[PDB]
>>> print(open('run_2.pdb').read())   # PDB, C-alpha atoms
ATOM      1  CA  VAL A   2     -18.698  -1.686 -68.398  1.00  0.00           C
ATOM      2  CA  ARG A   3     -19.304   2.047 -68.181  1.00  0.00           C
ATOM      3  CA  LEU A   4     -16.241   4.040 -67.127  1.00  0.00           C
ATOM      4  CA  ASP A   5     -16.618   7.758 -66.459  1.00  0.00           C
ATOM      5  CA  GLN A   6     -13.428   9.737 -65.926  1.00  0.00           C
ATOM      6  CA  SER A   7     -12.621  13.125 -64.425  1.00  0.00           C
ATOM      7  CA  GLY A   8     -11.729  16.308 -66.300  1.00  0.00           C
ATOM      8  CA  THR A   9      -8.605  17.809 -67.808  1.00  0.00           C
ATOM      9  CA  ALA A  10      -5.989  18.894 -65.270  1.00  0.00           C
ATOM     10  CA  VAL A  11      -3.625  21.859 -65.628  1.00  0.00           C
ATOM     11  CA  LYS A  12      -1.151  21.653 -62.746  1.00  0.00           C
ATOM     12  CA  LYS A  13       2.282  22.997 -61.823  1.00  0.00           C
ATOM     13  CA  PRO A  14       5.547  21.175 -61.047  1.00  0.00           C
ATOM     14  CA  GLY A  15       5.817  19.789 -57.536  1.00  0.00           C
ATOM     15  CA  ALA A  16       2.070  19.879 -56.881  1.00  0.00           C
ATOM     16  CA  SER A  17      -0.337  16.947 -56.539  1.00  0.00           C
ATOM     17  CA  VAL A  18      -3.025  15.789 -58.958  1.00  0.00           C
ATOM     18  CA  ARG A  19      -6.121  13.740 -58.132  1.00  0.00           C
ATOM     19  CA  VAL A  20      -7.877  11.866 -60.944  1.00  0.00           C
ATOM     20  CA  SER A  21     -11.341  10.367 -60.460  1.00  0.00           C
ATOM     21  CA  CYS A  22     -12.648   7.333 -62.353  1.00  0.00           C
ATOM     22  CA  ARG A  23     -16.280   6.342 -61.845  1.00  0.00           C
ATOM     23  CA  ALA A  24     -17.740   2.938 -62.737  1.00  0.00           C
ATOM     24  CA  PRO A  25     -21.485   3.245 -62.110  1.00  0.00           C
ATOM     25  CA  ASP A  26     -23.213   0.059 -60.947  1.00  0.00           C
ATOM     26  CA  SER A  27     -20.109  -2.075 -61.396  1.00  0.00           C
ATOM     27  CA  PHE A  28     -18.465  -2.642 -58.003  1.00  0.00           C
ATOM     28  CA  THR A  29     -21.024  -4.953 -56.429  1.00  0.00           C
ATOM     29  CA  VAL A  30     -21.473  -8.559 -57.530  1.00  0.00           C
ATOM     30  CA  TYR A  31     -24.214 -11.030 -56.650  1.00  0.00           C
ATOM     31  CA  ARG A  32     -23.483 -14.411 -55.095  1.00  0.00           C
ATOM     32  CA  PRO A  33     -26.172 -16.891 -56.236  1.00  0.00           C
ATOM     33  CA  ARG A  34     -25.339 -19.491 -53.589  1.00  0.00           C
ATOM     34  CA  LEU A  35     -25.767 -16.814 -50.900  1.00  0.00           C
ATOM     35  CA  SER A  36     -28.580 -14.676 -52.386  1.00  0.00           C
ATOM     36  CA  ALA A  37     -26.773 -11.482 -51.438  1.00  0.00           C
ATOM     37  CA  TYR A  38     -24.651  -8.668 -52.822  1.00  0.00           C
ATOM     38  CA  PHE A  39     -20.928  -8.582 -52.063  1.00  0.00           C
ATOM     39  CA  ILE A  40     -18.046  -6.374 -53.110  1.00  0.00           C
ATOM     40  CA  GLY A  41     -16.601  -7.888 -56.251  1.00  0.00           C
ATOM     41  CA  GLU A  42     -13.035  -9.085 -56.604  1.00  0.00           C
ATOM     42  CA  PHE A  43     -12.579  -6.771 -59.603  1.00  0.00           C
ATOM     43  CA  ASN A  44      -9.368  -4.829 -60.190  1.00  0.00           C
ATOM     44  CA  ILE A  45      -8.963  -1.237 -61.348  1.00  0.00           C
ATOM     45  CA  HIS A  46      -5.744  -0.549 -63.246  1.00  0.00           C
ATOM     46  CA  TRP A  47      -4.242   2.856 -63.975  1.00  0.00           C
ATOM     47  CA  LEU A  48      -2.325   3.442 -67.196  1.00  0.00           C
ATOM     48  CA  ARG A  49      -0.651   6.485 -68.703  1.00  0.00           C
ATOM     49  CA  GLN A  50       0.093   7.580 -72.255  1.00  0.00           C
ATOM     50  CA  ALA A  51       2.660  10.216 -73.111  1.00  0.00           C
ATOM     51  CA  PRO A  52       1.984  11.994 -76.422  1.00  0.00           C
ATOM     52  CA  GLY A  53       3.209   9.616 -79.111  1.00  0.00           C
ATOM     53  CA  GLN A  54       4.864   7.107 -76.779  1.00  0.00           C
ATOM     54  CA  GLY A  55       3.720   3.652 -75.705  1.00  0.00           C
ATOM     55  CA  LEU A  56       1.399   2.735 -72.873  1.00  0.00           C
ATOM     56  CA  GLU A  57       2.735   2.651 -69.320  1.00  0.00           C
ATOM     57  CA  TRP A  58       1.324   0.795 -66.324  1.00  0.00           C
ATOM     58  CA  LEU A  59       1.122   2.627 -63.000  1.00  0.00           C
ATOM     59  CA  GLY A  60      -0.598   0.284 -60.569  1.00  0.00           C
ATOM     60  CA  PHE A  61      -3.777  -1.563 -59.778  1.00  0.00           C
ATOM     61  CA  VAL A  62      -6.183  -1.624 -56.849  1.00  0.00           C
ATOM     62  CA  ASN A  63      -8.216  -4.639 -55.753  1.00  0.00           C
ATOM     63  CA  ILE A  64     -11.496  -3.161 -54.550  1.00  0.00           C
ATOM     64  CA  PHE A  65     -12.456  -6.009 -52.207  1.00  0.00           C
ATOM     65  CA  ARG A  66     -10.372  -4.788 -49.279  1.00  0.00           C
ATOM     66  CA  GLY A  67      -8.646  -2.036 -51.250  1.00  0.00           C
ATOM     67  CA  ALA A  68      -5.340  -3.868 -51.636  1.00  0.00           C
ATOM     68  CA  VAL A  69      -3.188  -1.779 -53.962  1.00  0.00           C
ATOM     69  CA  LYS A  70       0.085  -2.245 -55.799  1.00  0.00           C
ATOM     70  CA  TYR A  71       2.189   0.256 -57.741  1.00  0.00           C
ATOM     71  CA  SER A  72       5.094  -0.164 -60.115  1.00  0.00           C
ATOM     72  CA  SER A  73       8.663   0.148 -58.881  1.00  0.00           C
ATOM     73  CA  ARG A  74       9.550   3.260 -60.880  1.00  0.00           C
ATOM     74  CA  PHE A  75       6.787   5.455 -59.449  1.00  0.00           C
ATOM     75  CA  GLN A  76       6.895   3.784 -56.029  1.00  0.00           C
ATOM     76  CA  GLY A  77       6.767   6.294 -53.193  1.00  0.00           C
ATOM     77  CA  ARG A  78       4.867   9.150 -54.849  1.00  0.00           C
ATOM     78  CA  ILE A  79       1.671   7.630 -56.314  1.00  0.00           C
ATOM     79  CA  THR A  80      -1.244   6.349 -54.242  1.00  0.00           C
ATOM     80  CA  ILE A  81      -4.252   4.494 -55.639  1.00  0.00           C
ATOM     81  CA  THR A  82      -7.407   4.304 -53.544  1.00  0.00           C
ATOM     82  CA  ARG A  83     -11.093   3.644 -54.054  1.00  0.00           C
ATOM     83  CA  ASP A  84     -14.342   4.617 -52.358  1.00  0.00           C
ATOM     84  CA  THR A  85     -16.829   1.765 -52.527  1.00  0.00           C
ATOM     85  CA  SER A  86     -19.810   3.778 -51.281  1.00  0.00           C
ATOM     86  CA  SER A  87     -19.473   6.319 -54.075  1.00  0.00           C
ATOM     87  CA  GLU A  88     -18.162   3.349 -56.069  1.00  0.00           C
ATOM     88  CA  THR A  89     -15.266   5.197 -57.736  1.00  0.00           C
ATOM     89  CA  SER A  90     -11.464   5.121 -57.781  1.00  0.00           C
ATOM     90  CA  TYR A  91      -8.956   7.895 -57.053  1.00  0.00           C
ATOM     91  CA  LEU A  92      -5.395   8.304 -58.309  1.00  0.00           C
ATOM     92  CA  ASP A  93      -3.155  10.647 -56.311  1.00  0.00           C
ATOM     93  CA  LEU A  94       0.081  11.539 -58.100  1.00  0.00           C
ATOM     94  CA  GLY A  95       2.413  13.924 -56.317  1.00  0.00           C
ATOM     95  CA  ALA A  96       5.676  15.773 -56.970  1.00  0.00           C
ATOM     96  CA  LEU A  97       5.207  15.741 -60.730  1.00  0.00           C
ATOM     97  CA  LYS A  98       8.155  16.978 -62.755  1.00  0.00           C
ATOM     98  CA  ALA A  99       7.872  18.195 -66.349  1.00  0.00           C
ATOM     99  CA  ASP A 100       8.007  14.574 -67.553  1.00  0.00           C
ATOM    100  CA  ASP A 101       4.733  13.372 -65.990  1.00  0.00           C
ATOM    101  CA  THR A 102       2.486  15.237 -68.438  1.00  0.00           C
ATOM    102  CA  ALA A 103       0.397  12.634 -70.255  1.00  0.00           C
ATOM    103  CA  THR A 104      -3.133  11.283 -70.529  1.00  0.00           C
ATOM    104  CA  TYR A 105      -4.167   8.917 -67.738  1.00  0.00           C
ATOM    105  CA  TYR A 106      -6.623   6.055 -68.243  1.00  0.00           C
ATOM    106  CA  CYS A 107      -8.535   3.952 -65.740  1.00  0.00           C
ATOM    107  CA  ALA A 108      -9.180   0.362 -66.771  1.00  0.00           C
ATOM    108  CA  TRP A 109     -11.355  -2.481 -65.525  1.00  0.00           C
ATOM    109  CA  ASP A 110     -10.154  -6.034 -64.931  1.00  0.00           C
ATOM    110  CA  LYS A 111     -12.428  -8.945 -64.079  1.00  0.00           C
ATOM    111  CA  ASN A 112      -9.646 -10.674 -62.090  1.00  0.00           C
ATOM    112  CA  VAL A 113     -10.555 -14.120 -63.391  1.00  0.00           C
ATOM    113  CA  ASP A 114      -7.736 -16.639 -63.086  1.00  0.00           C
ATOM    114  CA  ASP A 115      -7.962 -17.947 -66.657  1.00  0.00           C
ATOM    115  CA  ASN A 116      -7.564 -14.379 -68.031  1.00  0.00           C
ATOM    116  CA  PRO A 117      -4.489 -12.853 -66.363  1.00  0.00           C
ATOM    117  CA  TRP A 118      -4.349  -9.050 -66.473  1.00  0.00           C
ATOM    118  CA  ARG A 119      -7.239  -8.712 -68.916  1.00  0.00           C
ATOM    119  CA  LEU A 120      -8.418  -5.121 -69.371  1.00  0.00           C
ATOM    120  CA  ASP A 121     -12.090  -5.002 -70.315  1.00  0.00           C
ATOM    121  CA  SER A 122     -13.246  -1.374 -70.330  1.00  0.00           C
ATOM    122  CA  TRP A 123     -11.414   1.945 -70.437  1.00  0.00           C
ATOM    123  CA  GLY A 124     -12.194   5.524 -69.508  1.00  0.00           C
ATOM    124  CA  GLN A 125     -12.158   8.611 -71.684  1.00  0.00           C
ATOM    125  CA  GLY A 126      -8.639   9.500 -70.558  1.00  0.00           C
ATOM    126  CA  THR A 127      -7.703  12.564 -68.508  1.00  0.00           C
ATOM    127  CA  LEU A 128      -5.126  14.983 -69.895  1.00  0.00           C
ATOM    128  CA  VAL A 129      -2.767  15.968 -67.078  1.00  0.00           C
ATOM    129  CA  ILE A 130      -0.472  18.794 -68.191  1.00  0.00           C
ATOM    130  CA  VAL A 131       2.248  20.408 -66.076  1.00  0.00           C
ATOM    131  CA  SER A 132       4.164  23.556 -67.022  1.00  0.00           C
ATOM    132  CA  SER A 133       5.307  26.918 -65.689  1.00  0.00           C
TER     133      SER A 133
ATOM    134  CA  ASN B   1     -53.101 -73.961 -70.379  1.00  0.00           C
ATOM    135  CA  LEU B   2     -51.577 -70.541 -69.751  1.00  0.00           C
ATOM    136  CA  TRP B   3     -49.139 -68.832 -67.405  1.00  0.00           C
ATOM    137  CA  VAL B   4     -48.400 -65.289 -66.248  1.00  0.00           C
ATOM    138  CA  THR B   5     -45.215 -63.326 -66.916  1.00  0.00           C
ATOM    139  CA  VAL B   6     -44.078 -59.971 -65.553  1.00  0.00           C
ATOM    140  CA  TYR B   7     -42.632 -57.322 -67.852  1.00  0.00           C
ATOM    141  CA  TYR B   8     -40.440 -54.473 -66.648  1.00  0.00           C
ATOM    142  CA  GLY B   9     -40.371 -51.187 -68.508  1.00  0.00           C
ATOM    143  CA  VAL B  10     -43.782 -51.713 -70.072  1.00  0.00           C
ATOM    144  CA  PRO B  11     -45.178 -48.639 -71.880  1.00  0.00           C
ATOM    145  CA  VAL B  12     -48.064 -47.860 -69.526  1.00  0.00           C
ATOM    146  CA  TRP B  13     -48.881 -44.467 -68.044  1.00  0.00           C
ATOM    147  CA  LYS B  14     -51.575 -43.038 -65.784  1.00  0.00           C
ATOM    148  CA  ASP B  15     -52.413 -39.389 -65.171  1.00  0.00           C
ATOM    149  CA  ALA B  16     -51.160 -38.388 -61.740  1.00  0.00           C
ATOM    150  CA  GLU B  17     -50.081 -35.522 -59.522  1.00  0.00           C
ATOM    151  CA  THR B  18     -46.377 -34.703 -59.434  1.00  0.00           C
ATOM    152  CA  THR B  19     -44.056 -31.898 -58.370  1.00  0.00           C
ATOM    153  CA  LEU B  20     -42.170 -30.370 -61.296  1.00  0.00           C
ATOM    154  CA  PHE B  21     -38.924 -28.405 -61.289  1.00  0.00           C
ATOM    155  CA  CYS B  22     -37.894 -25.423 -63.379  1.00  0.00           C
ATOM    156  CA  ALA B  23     -35.174 -25.613 -66.005  1.00  0.00           C
ATOM    157  CA  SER B  24     -33.870 -22.705 -68.069  1.00  0.00           C
ATOM    158  CA  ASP B  25     -30.943 -21.986 -70.394  1.00  0.00           C
ATOM    159  CA  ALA B  26     -28.059 -19.879 -69.103  1.00  0.00           C
ATOM    160  CA  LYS B  33     -28.546 -11.030 -62.993  1.00  0.00           C
ATOM    161  CA  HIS B  34     -30.960 -11.750 -60.161  1.00  0.00           C
ATOM    162  CA  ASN B  35     -34.408 -12.226 -61.696  1.00  0.00           C
ATOM    163  CA  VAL B  36     -37.700 -12.254 -59.818  1.00  0.00           C
ATOM    164  CA  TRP B  37     -38.029 -15.748 -61.263  1.00  0.00           C
ATOM    165  CA  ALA B  38     -35.063 -17.466 -59.652  1.00  0.00           C
ATOM    166  CA  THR B  39     -33.819 -18.986 -62.893  1.00  0.00           C
ATOM    167  CA  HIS B  40     -30.263 -19.081 -61.533  1.00  0.00           C
ATOM    168  CA  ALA B  41     -31.482 -21.967 -59.365  1.00  0.00           C
ATOM    169  CA  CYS B  42     -33.054 -23.748 -62.340  1.00  0.00           C
ATOM    170  CA  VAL B  43     -31.156 -26.772 -63.596  1.00  0.00           C
ATOM    171  CA  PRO B  44     -29.634 -25.893 -66.992  1.00  0.00           C
ATOM    172  CA  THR B  45     -31.389 -27.589 -69.884  1.00  0.00           C
ATOM    173  CA  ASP B  46     -29.767 -29.709 -72.554  1.00  0.00           C
ATOM    174  CA  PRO B  47     -29.115 -27.895 -75.855  1.00  0.00           C
ATOM    175  CA  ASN B  48     -31.249 -30.445 -77.756  1.00  0.00           C
ATOM    176  CA  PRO B  49     -34.316 -31.575 -75.785  1.00  0.00           C
ATOM    177  CA  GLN B  50     -35.399 -35.088 -76.650  1.00  0.00           C
ATOM    178  CA  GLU B  51     -38.692 -35.201 -78.551  1.00  0.00           C
ATOM    179  CA  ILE B  52     -40.313 -38.523 -79.441  1.00  0.00           C
ATOM    180  CA  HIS B  53     -43.382 -38.923 -81.610  1.00  0.00           C
ATOM    181  CA  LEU B  54     -46.034 -41.474 -80.660  1.00  0.00           C
TER     182      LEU B  54
END
>>> encode(input="run_2.pdb", output="structure tokens")
Amino acid sequence: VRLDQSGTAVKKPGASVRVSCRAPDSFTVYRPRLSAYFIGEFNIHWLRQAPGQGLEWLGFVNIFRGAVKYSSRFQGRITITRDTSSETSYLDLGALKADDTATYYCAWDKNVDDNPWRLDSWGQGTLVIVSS
Amino acid sequence: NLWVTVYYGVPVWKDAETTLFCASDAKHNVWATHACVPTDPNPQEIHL
């Protein structure tokens, strides 16, 4: 599925950064037995990539009722939300030290039981850089 | 001397009216094919 991401971010230590991931015409699903459009049970994951290091998983948001979950390490300073009307997802990362500079990716997950934690489509990646 | 016997499943047909149902092979389409019964991969075809 299409996955548009926000722009490059140049921030400063201790500030907050908001990253936007847009998935045009992807949130809603159709229920044949009901002949109507509902909010899909899809999941939006947020990953990060330090330069040269391996991939890291931040947290995922279930867009149905917006039920989110973050990893333990970043727990308490990162909030994942989504706006279903604009049909996008927002990452809010605060109190970044010098170690949080990376490129941040938004990923799509069909949330089908037979395919646990499958990541279908990825964004362009947003370079978040912090310095003095 | 002769007698009558009944035969079941005798190959006789007569042209007649009949309701037919759609069937497609698996998005909301203006033709509600999602309600069509899925068709078999190999339809039976018998020469006469």
>>> atom_distance(input="run_2.pdb", atom1="CA of residue 48 in chain A", atom2="CA of residue 60 in chain A")
7.5 Å
>>> resolve_selection(input="run_2.pdb", expression="the PyMOL selection byres ((chain A and resi 104-114) around 6)", output="ChimeraX atom specification")
/A:43-50,103,115-117,119-124,126-129
>>> resolve_selection(input="run_2.pdb", expression="the PyMOL selection byres ((chain B) within 9 of (chain A))", output="mmCIF file with C-alpha atoms, in the coordinates of the input")
data_model
loop_
_atom_site.group_PDB
_atom_site.id
_atom_site.type_symbol
_atom_site.label_atom_id
_atom_site.label_comp_id
_atom_site.auth_asym_id
_atom_site.auth_seq_id
_atom_site.Cartn_x
_atom_site.Cartn_y
_atom_site.Cartn_z
ATOM 1 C CA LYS B 33 -28.546 -11.030 -62.993
ATOM 2 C CA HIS B 34 -30.960 -11.750 -60.161
ATOM 3 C CA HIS B 40 -30.263 -19.081 -61.533
ATOM 4 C CA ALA B 41 -31.482 -21.967 -59.365
#
>>> resolve_selection(input="run_2.pdb", expression="the PyMOL selection byres ((chain A and resi 84-90) around 9)", output="count of residues only")
22
>>> atom_distance(input="run_2.pdb", atom1="CA of residue 22 in chain B", atom2="CA of residue 10 in chain B")
27.8 Å
>>> closest_residue(input="run_2.pdb", among="A:66, A:77, A:132, A:52", to="residue 39 in chain A", atoms="all atoms listed in the file")
A:66
>>> atom_distance(input="run_2.pdb", atom1="CA of residue 46 in chain B", atom2="CA of residue 24 in chain B")
9.3 Å
>>> residues_around(input="run_2.pdb", residues="residue 21 in chain B", least_positions_apart="3", cutoff="12 Å", atoms="all atoms listed in the file", output="list in words")
residues 18, 24, 38, 39, 41, 42, 43, 44 and 45 of chain B
>>> residues_around(input="run_2.pdb", residues="residue 13 in chain A", least_positions_apart="3", cutoff="12 Å", atoms="all atoms listed in the file", output="number ranges by chain")
A: 10, 16-18, 95-102, 129-133
>>> residues_near_point(input="run_2.pdb", point="(-48.7, -40.6, -78.6)", cutoff="12 Å", atoms="all atoms listed in the file", output="PyMOL selection string")
chain B and resi 11-13+51-54
